[PDB]
């Protein structure tokens, strides 16, 4: 049997994705770079037996399509699954779209064609995505012509969707009604692609609401309109395809394959204005979604840190069998290894070598075990804290330094934080009734919302 750390070494942590953290890794012999999704058997419940998962893995390894992430290898140990595939460097589709001069029906059609083509291919092979959303769409490279790669095909079939809002963020917009009710098939992916197309052409989700449950209610009802002004500058054939994709009864819904043949895909991927309003709305949409996301991740990292800080102090105290408050390099390493032995393996610490290295990074800064803990945990939180500052600066497009109480409502609503609870927290911070918070205030609000 093969061990993952015998073959690969961690380079960078790429981020949190569905069901797990993704690491840029490198083959120890060949120097081949790869992206690895690490799935914690603790945090995620399986829906199928081991035999069925292995069988799916084997098939996925043989499949090949230019719009589908390529899987190379699969590993399993006591506590983890490791899905090893091709690295893509162009980031998420929507992030590229917001940094564009012009965007038209031609651009959207070229995008949708790719998605549909990838989906069609996978449906032929009896694989359903079920969780398709903008963040599942990566661009292959930084190039302007670069292909879209759909990630995560085949995961939702074998793993139960997280119930934590940190993981649920932004899922409600895209889910087909029949997924909510339990009887679903491959048509659910056409629905989600229809929702994505709708957003691409208007910058607004077709089913919206002030919170998660409110969005699900609208989805379940199935009603939506092209009433928004920006739809006036959009072709009738686009709206027609949307209607067919967002058809309530799945048996009456257009297939992925027939969507490829639709008048709209044919004409605009074969004299077209730029949807300026849509670019402006998508930029707002994306900023909103990413700040809400950063906020929840920041709170989680804060809690995780508090938990680990105390545990690490309790390890270094027990190890300090002479009681002086200071320790040697080797002790710190064995202690830090104990922390991951108990609290579970960390993203950037795939093996014993990774921990040794991390300790030395902390020690190179410290120039007293309490001071080691401080810097160590600070380094653990760094990426969530700066993701917060950056998403805050991104959202604050006017560089005003502030976010209004209206904007907060939208942010907390997407974060699914109780309206009465954050208003309460806002009152304690905004004692001046400015109706707005700066970054530090915003950050204090979040600390108060996670028990601090």
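Numbering follows the first chain given and starts at 1.
A.B. asks: Quick one: across the other PDB entries of this protein we compared, is residue 286 left without coordinates in at least a third of them?
C.D. replies: Across the other compared entries, residue 286 is absent from none.
A.B. asks: For the other entries of this protein included in the comparison (both sides of the residue modelled), is residue 344 absent in a third of them or more?
C.D. replies: That residue is missing from at least a third of the other compared entries.
A.B. asks: How many residues sit between residue 270 and residue 271 in the deposited sequence but have no coordinates: none, 1 to 3, 4 to 9, or 10 or more?
C.D. replies: Unresolved stretch here: 4 to 9 residues.
A.B. asks: How many missing residues of the deposited sequence lie between residue 367 and residue 368 in the entry, grouped as none, 1 to 3, 4 to 9, or 10 or more?
C.D. replies: In the deposited sequence, 4 to 9 residues between these two have no coordinates.
A.B. asks: Would you tell me which stretch averages the higher CA B-factor in the PDB entry, 16 to 24 or 426 to 434?
C.D. replies: Higher mean C-alpha B-factor in the PDB entry: 426 to 434.
A.B. asks: If you average the CA temperature factors over each stretch, which comes out higher, 339 to 347 or 278 to 286?
C.D. replies: On average, C-alpha B-factors are higher across 339 to 347.
A.B. asks: Whose C-alpha has the highest temperature factor in the PDB entry: 222, 205, 229, 194?
C.D. replies: Spelled out: the listed residue with the top C-alpha B-factor is 229.
A.B. asks: Name the residue from 397, 67, 43, 405 with the greatest C-alpha temperature factor listed in the entry.
C.D. replies: If I rank 397, 67, 43, 405 by C-alpha B-factor, first place goes to 43.
A.B. asks: Can you tell me which third, lowest, middle or highest, the CA B-factor of residue 323 falls into for its chain?
C.D. replies: It falls in the top third of the chain.
A.B. asks: Using only modelled residues of the chain, where does the Cα B factor of residue 417 rank: lowest third, middle third or highest third?
C.D. replies: Ranked within chain, residue 417 CA B lands in the highest tercile.
A.B. asks: Going by the CA temperature factor in the PDB record, which third of the chain does residue 30 belong to: lowest, middle or highest?
C.D. replies: As the PDB entry reports it, the C-alpha B-factor of residue 30 lands in the middle third of its chain.
A.B. asks: For residue 239, return the chain-relative third of its C-alpha B-factor as stated in the PDB record: lowest, middle or highest.
C.D. replies: Residue 239: CA B-factor falls in the middle third of its chain.
A.B. asks: Divide the modelled residues of the chain into thirds by Cα B-factor and specify which third, lowest, middle or highest, holds residue 143.
C.D. replies: For residue 143, the deposited C-alpha B-factor lands in the highest third.
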